[PDB]
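# Geometric and topological summary
Chain by chain, the residues:
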Amino acid sequence: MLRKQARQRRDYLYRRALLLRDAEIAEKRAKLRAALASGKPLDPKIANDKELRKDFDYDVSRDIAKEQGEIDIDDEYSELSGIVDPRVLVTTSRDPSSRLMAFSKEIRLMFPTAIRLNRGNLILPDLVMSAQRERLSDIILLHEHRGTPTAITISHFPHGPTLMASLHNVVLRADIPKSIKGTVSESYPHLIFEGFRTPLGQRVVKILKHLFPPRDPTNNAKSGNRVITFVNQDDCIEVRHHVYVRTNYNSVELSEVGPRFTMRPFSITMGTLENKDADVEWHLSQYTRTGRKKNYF
Amino acid sequence: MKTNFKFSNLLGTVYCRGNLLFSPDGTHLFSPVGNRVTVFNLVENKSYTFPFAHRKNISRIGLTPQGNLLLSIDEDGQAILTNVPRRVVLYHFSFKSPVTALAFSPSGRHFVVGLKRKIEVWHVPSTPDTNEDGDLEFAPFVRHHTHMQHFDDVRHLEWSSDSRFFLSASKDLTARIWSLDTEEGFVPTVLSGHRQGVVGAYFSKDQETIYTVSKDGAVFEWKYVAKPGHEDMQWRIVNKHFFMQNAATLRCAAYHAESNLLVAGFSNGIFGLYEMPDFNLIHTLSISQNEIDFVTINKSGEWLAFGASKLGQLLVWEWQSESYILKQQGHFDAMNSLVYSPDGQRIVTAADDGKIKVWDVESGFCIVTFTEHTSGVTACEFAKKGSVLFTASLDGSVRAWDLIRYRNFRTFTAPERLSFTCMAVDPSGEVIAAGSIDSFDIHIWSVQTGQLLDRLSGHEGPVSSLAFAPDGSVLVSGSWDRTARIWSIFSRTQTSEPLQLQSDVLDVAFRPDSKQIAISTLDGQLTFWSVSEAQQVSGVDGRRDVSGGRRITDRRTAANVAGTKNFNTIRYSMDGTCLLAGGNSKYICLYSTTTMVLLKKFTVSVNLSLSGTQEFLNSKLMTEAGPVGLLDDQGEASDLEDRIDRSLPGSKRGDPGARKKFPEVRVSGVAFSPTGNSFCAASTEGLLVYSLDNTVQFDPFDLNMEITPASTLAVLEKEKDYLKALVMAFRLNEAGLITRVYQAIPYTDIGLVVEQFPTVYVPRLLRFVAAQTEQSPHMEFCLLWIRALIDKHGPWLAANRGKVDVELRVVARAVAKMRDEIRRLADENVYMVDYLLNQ
Amino acid sequence: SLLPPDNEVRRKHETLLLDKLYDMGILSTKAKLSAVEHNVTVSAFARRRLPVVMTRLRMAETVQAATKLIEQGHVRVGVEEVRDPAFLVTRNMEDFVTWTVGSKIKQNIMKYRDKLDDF
Amino acid sequence: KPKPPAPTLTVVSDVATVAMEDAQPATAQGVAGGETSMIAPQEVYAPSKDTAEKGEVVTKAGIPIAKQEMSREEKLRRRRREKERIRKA
RNA sequence: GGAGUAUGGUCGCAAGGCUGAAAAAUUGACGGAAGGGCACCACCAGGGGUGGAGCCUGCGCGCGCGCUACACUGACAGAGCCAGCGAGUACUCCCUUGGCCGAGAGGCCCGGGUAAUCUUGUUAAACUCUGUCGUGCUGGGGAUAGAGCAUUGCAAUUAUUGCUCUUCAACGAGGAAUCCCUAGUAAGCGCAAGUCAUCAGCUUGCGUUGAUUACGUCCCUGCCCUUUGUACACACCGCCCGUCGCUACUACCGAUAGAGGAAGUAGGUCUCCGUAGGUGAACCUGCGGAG
């Protein structure tokens, strides 16, 4: 099994590098197809390449399929997108506190298909090993400061990305009394994402919305009574968890049911939780000059 | 149980390379299957296999025109003649060359044989079956004449009707006429003039016209008329006419001389038969896609028998009715798996040809061939009910057939595309689990729903063997992560207890009383675990017991060949006391599960045309260019479709090219019979059914000194103590004596005998009355026996249920035969008669 | 290629052909038909053979030594020992080619690593 | 990886199972076997709305009941059940 | 000069206020009853926190995370004696063995290591044994406090930390509640690191020792879903229920053909012969007869 995970990760990295070179060529091939249909004259370096024309005659059709959106990009999520229900386990750090364990339970209840695991004495490579051995889609690690959580680590499996984020303004479910709160409904939640516009924003949108099981698309625009909101300002994604009734065709009553975060991501690594030496995709550039001026996501 | 297994019939292949034969009565069809000869009785649906076995494949069959003696020639000319009424091996005798023609004389005293250029006419040996005071001689065959007046291969030999002359058809384009003794107006003349060599030269009825059919598709008549200048006559040619089969050469023709009709089978599989002396095409049709190799005709003349060698493809054709009598097909690939039916009357096997087929154990014919899979079929399984069959295959689909309507009511696939290599099904018939080599999850669907229940997971490698427990509570998976899993699915908690092993798991089997499980690993060891408290209770290290090898293309000694030292498949007995184990090797082991010893080892094949059947190859076959069975000899073939090598480089699992010269010996599946007393194993030669030998072996149960057959019949006829006589007969254990006393006691004293019968002899008695219901025509007598037995010993059998399960199963199928065969007809008749009487 | 570019059966059989060749390991990408133009190659098949793929997996040192070792029969692919040095190892059986059961080469590797368990 | 599953339909007749059996001198089934007509009664005739009469309806039970003899309360309840199925879809 | 790509100007449109803040529906709105599935936010059996005293981050004398205990499965004193993840000194004083001195903390002389090479087998702690004490706030506990000696540092007062003597507090299992937990899990123990966010009032790893009790059931509390679909054989089931909307039609009511109000329903082949015509010997067609 382990040889298959290593081999498939190496094949994925090689295919991504080949896609970089092929994109450098296919930016030139899309000018030849647009000039053929519209008749505007093109560059001589493009029109006088015999290899480009000879291979263009075979590779028209994938460019047309990408224009129509009929195919999907080579990704770690596009293999099993809406086919499998992504199972995900939430774990603490090594010796958790009682409020960290209740918070772990609360963000377990945020996902309708998640499970929680007691860490105890569990070495982190064997944690990764057991996740790949039970075909989990995601793990989420939690770190507390003193009864208040300060970091999440959302890792996609078998070889997918980590998003490590630091938590702020955490208001737990376990602070309000049982007369006012209650047992959270476990229905498949709607999701809304607000303010993600860069390709890095669509990356974090993908690795956050593939944590939830896929919604049945027959009548999802009106059915379902539970929503989860990820909205970012100043690249600190703030998340709420509401439950709603549609009290009229023009009005809706919301009710806050879950914990509130404003998590800020500081590391997105193309590689799982065990790989400390995985190649990072983005990291929070503090101690640079304009790293506080520039806004990502 | 008694582990005394002789070899009963071969099954699962209907024809291989060789000559076909009919009985002189016309009913039995003698066909060669590898190195054995099956007899298919066609008037009553039956079949058997002669107890001999040649070292190589059969080349020729001949049969004495009285009917009694069969003479079978292997390759390299080793001949075995045998008595067909008393199926016993009589003489072994080696013609030193490869026999390429053979024909017995219709008088019965001689037989002629063509070894490549030679033509030897031999006497038929005097036999102990025919003489009163006679015995086996040493060298019984006496040669009469030898003729080497010939230049190439003798392809055919045909006697006359008065058995004084015969014709030899050749490969040097010339048929010749020979005599037995020196006649008065005869010279051994030649018949020249052809283009591609004669297929067959035949006499007429009144032996004046003789016909020659050649390979190019031309048949010529030969008469003894005068030369065109007119004592002075010459065997010359009166007319010639041609089969116009367009792009093919005829491979085998036959000629019925009493009814004057000629049949010819061609290279493109379309045969044609012609009323010869005016040559009117009676008809023609395509029986096979590949070719037709051997044609024979009935002695009556109303049936034809064709055999194609590249597939199984044996078929008998009744030409005036224009219909098949049988059209049978053996597997032309490796038989991947097999299971018995829970009745035990029919077995079903699944090969890598893509087809599965249901053979009947009696009569040896396949009764239905399901052909919906588009790739090689792996494991097939039944439920407890026995009406539904679930088959997995490499095209990604676990199909589910209903055998009372013969259509796949379900087909299951995984959403990501897998290729399932093993499967199990709950005995309730409602849950299917299946596992593949591409993904390490193990899939579970529902039969009555159709959609995927779950993907169980926890394996770090591909899952190789699945087994649902026969009570229905526990799935067990076994996988190449050196591990097994006790999956509990049906409980509210779905749990998985691992069994850590030493190497990759190859097979998993349950005990029938489900407390025990045997898992066979890649070291070659069997480990018997308990399922309640998951601890190994027993173990056999079985490398040496199965290691028999040294294939061609194997540069190790047979003792050092690893790969034929493991058990790929294991099955418990229906008793639960003996495993049976078979791998990629020549030996089948039969272990005891309590005393942990090997009770009996079997050898699947003596056939030296297969590759791994002797562990010490001889140095005569090693030239200076490798072994002699390794040089590519396709270029020395007369036909282009035989010369072409459409093979793919490096294709272990099947290709349609399939050179397949000297295939390996491997037992890919074994199964015990649910009625007991038999098992069978899918080898590469066929499907060997072994069974207990109780009628040819004295074996008393617990005998005294004053108990003889004479004393048993004395206390029967004189004393009339029926219980004492029956207990003495079951104690002697001689089936003729038991049958004699069983029929002799009366049907009013059945109840007294059963009421005072012993419970140690109750299960043997139940098995005996089940066999007597299924065989003897004393149906109401045996049903009174069964009724009295179950009414008296009712609570004992229901209390035990595990010691007597096979006896209850065979009694149940005996009354199922009587419930489906006679009483449906009786009820339908009385309702039809009531309606017709009520107008 | 000769089919028109917006054709459904052209697109479906392009994806089928590229997925089949990438699953057999001949192509290294599954997103271009020019790979089947000038990248499918008898050398690509011949390097998907068994002694070269175990040279790449470093089961042997050289393709000559690998052919000698799989003629002597130390290498199984999956669960079955392989004596043919032309067995084309696909991309998901390159994860299952390993040594045989009682292999002296396996004892040599374990004796080098000082993990020679004689049980 | 095998192939994507593409839909294939197989036309079975109303002949007995001994017409699907292979060619041999006599059948392997008994005398009771050989009348099983290879399509179930549900495929010989299934009562449905497409094969009902004009005035009548067929229920979920497979029983013809007419709209004239049906009362107002049962008409209202059948309208509510069909509207419930329409809301479910 | 042509073709693209940008950058900044200029102009034109956008850029005229019956106005003055807080629907769709033959598909819709809300339920009920029955039957399933699941859940340490449920039952059941147990375990463990927090909550009592003190310290303090954080959140808005009060609060939270913690450490140490209330002892006899213990304290003490000998004695046995066993890990794993780490780290460590160049233009330097890091990790430190051994030799003396010192009760201790420490001092001192040397020494190995830029390291699987030396510290370090990190001889770690619970733990195991043979003793002492004997249920007594006792030798359980070790807060507070006095006096002294040391180390870091330019500096130690508001006591950096270390050692010695002495002083010997509360605390006798935490209350009501409330929360969490089902196998290498709860719980004890130390060692190491400090990774662009968080974290020294701590964080995260890493090894060591390792149980009790469930592993059943939807009875309680709930959550999800069936009553439409999504596949066909066997086999089984057999029109779930209510309040309204919307649409179509029908008639009613009353003010000025008309917008509203209120309601209901949904059977002569072959051959021959005699004919008549055709293109004539013959031959063809049609008819009438016999075989």
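Residues numbered from 1 in each chain as written, not as in the entry; some residues may be left out. Chains lettered and ligands numbered in written order. Part of a larger assembly, values for the part shown. Heavy atoms only, no water. Residues with missing side-chain atoms left out of burial classes, pairs and counts.

As recorded in the entry header, the structure was determined using cryo-EM to a resolution of 7.1 Å.

### Describing the overall build of chain B
Broken down by element type, chain B carries 10 helices and 58 strands. Relative to the compact-globule value of 28 Å for 839 residues, chain B shows a C-alpha radius of gyration of 31 Å, a close match. For the C-alpha atoms alone, the extent of chain B along its principal axes is close to 105 × 75 × 70 Å. (Helix = DSSP H or I, 4+ residues; strand = E, 2+ residues; numbered from the N terminus. Rg over C-alpha atoms; globule rule 2.2 N^0.38 Å.)

### Some details on the overall build of chain C
Scanning chain C for helices and strands turns up six helices and three strands. Secondary structure of chain C in N-to-C order comes out as α-α-α-α-α-β-β-β-α. A compact globule built from 119 residues should have a C-alpha radius of gyration of about 14 Å, whereas chain C, at 19 Å, is more than 25% larger. Expressed as lengths along the three principal axes of its C-alpha atoms, the size of chain C is roughly 65 × 25 × 20 Å. Residue pairs in contact within chain C that sit at least 24 positions apart in sequence constitute 37% of those at least 6 positions apart. (Contact = heavy atoms within 4.5 Å.)

### So, the interface of chain C and chain B
Facing the seven residues of chain C at the interface are six residues of chain B. Residues of the side of chain C that touches chain B, tallied by class, amount to three nonpolar, one polar and three charged. (Nonpolar A, V, L, I, M, F, W, Y, C, P; charged D, E, K, R; others polar.)

### Quick word on the pairing of strand 37 (residues 407-413) of chain B
Residues and elements named next belong to chain B. In the sheet, strand 36 (residues 397-402) pairs with strand 37 via six bridges, with the strands oriented antiparallel. The residue bridging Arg399 from the neighbouring strand is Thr411, located in strand 37. Between the antiparallel neighbours strand 36 and strand 37 lie four residues, among them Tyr406 with a positive phi of about 60°. (Pairing = 2+ DSSP bridges.)

### What to know about the pairing of strand 19 (residues 210-214) of chain B
All names here are of chain B. Both strand 18 (residues 198-202) and strand 19 contribute to a ladder of four bridges, which runs antiparallel. Bridging across to strand 19, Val198 finds its partner in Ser214. Bridge analysis of strand 19 against strand 20 (residues 218-226) gives four bridges, and the strand direction is antiparallel. For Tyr211, the partnering residue across the bridge sits in strand 20 and is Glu221.

### Some thoughts on the interface of chain B and chain D
Counting from both sides, the interface comprises 15 residues of chain B and, opposite them, 11 residues of chain D. Those elements that provide at least two residues to the side of chain B that touches chain D are strand 29 (323-328) and strand 33 (366-370) of chain B. The element that contributes the greatest number of residues to the side of chain B that touches chain D is strand 29 of chain B, accounting for four residues.

### Quick word on the UniProt feature "repeat: WD" (unreviewed entry) in chain B
Residue and element names in this part refer to chain B. Under the present numbering, the feature "repeat: WD" (unreviewed entry) in UniProt falls on residues 147-184, 191-223, 328-369, 370-411, 456-497 and 505-539. Split by type, residues 191-223 is 0% helix and 52% strand. Its first and last C-alpha atoms lie 11 Å apart. End C-alpha to end C-alpha, residues 328-369 measures 10 Å, and it is 0% helix and 52% strand. (UniProt positions renumbered as here; feature names shortened; annotations may be inferred.)

### Some thoughts on the sheet that holds strand 29 of chain B
All names here are of chain B. Sheet architecture is open: four strands sit in the order 26-27-28-29, paired in antiparallel fashion. Each edge of the sheet is formed by a strand with only one pairing partner; in this case those strands are strand 26 (294-297) and strand 29. Pairs of neighbouring strands in the sheet enclose a mean axial angle of 15°, with direction left out of account. Sheet topology note: the strand 27 (residues 303-307)/strand 28 (residues 314-318) ladder contains five bridges and is antiparallel. Following the sheet pairing, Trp303 is matched in strand 28 by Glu318. (Axes fitted to C-alpha atoms, helices over the stretch in contact; angles between N-to-C directions.)

### A look at the arrangement of the chains
Contacts are most numerous between chains B and D, considering all four pairs of chains that are in contact. Between chain A and chain D there is no contact; the minimum C-alpha to C-alpha separation amounts to 8 Å.

### Observations regarding helix 1 (residues 8-24) of chain C
For helix 1 of chain C, which comprises 17 residues, the first-to-last C-alpha distance of 24 Å matches the rise-based estimate of 24 Å (1.5 Å per residue) to within 8%. Looking one or two residues beyond helix 1 of chain C, the residue adopting positive phi is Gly25 of chain C, at roughly 85°. (Expected span 1.5 Å × (residues − 1).)

### Digging into unusual backbone geometry
A cis geometry characterises the amide bond from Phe157 of chain A onward to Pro158 of chain A, with omega recorded as 10°. Summarising the element assignment, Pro158 of chain A is placed in the loop between strand 4 (149-156) and strand 5 (162-166). The phi angle at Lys660 of chain B is positive, at roughly 60°, despite the residue not being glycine. Tracing the chain through its elements places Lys660 of chain B in the loop between helix 1 (640-643) and strand 56 (669-672). Even without being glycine, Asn677 of chain B reaches a positive phi, approximately 70°. Locating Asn677 of chain B in the fold gives a position in the loop between strand 56 and strand 57 (678-682).

### Things to note about the packing of helix 9 (residues 805-821) of chain B against helix 10 (residues 823-837) of chain B
Residue and element names in this part refer to chain B. Look at helix 9 against helix 10: their axes get within 4 Å of each other, and the N-to-C directions meet at 20°. The angle between helix 9 and helix 10 places the two elements in the roughly parallel class. Of the residues in helix 10, those in contact with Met818, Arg819, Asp820 and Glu821 of helix 9 are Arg823, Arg824 and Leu825. Considering only residue class, the contact of helix 9 with helix 10 consists of two nonpolar, no polar and five charged. (Parallel < 35°, antiparallel > 145°, perpendicular 65-115°, else oblique.)

### Overview of the packing of helix 6 (residues 762-775) of chain B against helix 9 of chain B
Residue and element names in this part refer to chain B. The geometry of helix 6 relative to helix 9 is characterised by a closest axis approach of 9 Å and an angle of 25° between their N-to-C directions. Judged on the interaxial angle alone, helix 9 and helix 6 are roughly parallel. Both helix 6 and helix 9 take part in a crossing whose hand is left-handed. Contacts between helix 6 and helix 9 involve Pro763, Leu766, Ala770 and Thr773 from the former and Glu807, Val810, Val811 and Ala814 from the latter. Class assignment of the residues belonging to the contact of helix 6 with helix 9 gives a composition of six nonpolar, one polar and one charged. (Left-handed = near helix turned anticlockwise from the far one by under 90°.)

### Looking at the sheet that holds strand 1 (residues 75-77) of chain C
All names here are of chain C. If you trace the three strands from one edge of the open sheet to the other, you get 2-1-3, paired in antiparallel fashion. Only two strands of the sheet have a single neighbouring strand rather than two, namely strand 2 (80-81) and strand 3 (97-99). Of the pairings in the sheet, the one linking strand 1 to strand 3 comprises three bridges and is antiparallel in character. If you follow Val75 over to strand 3, its bridge partner there is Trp99.

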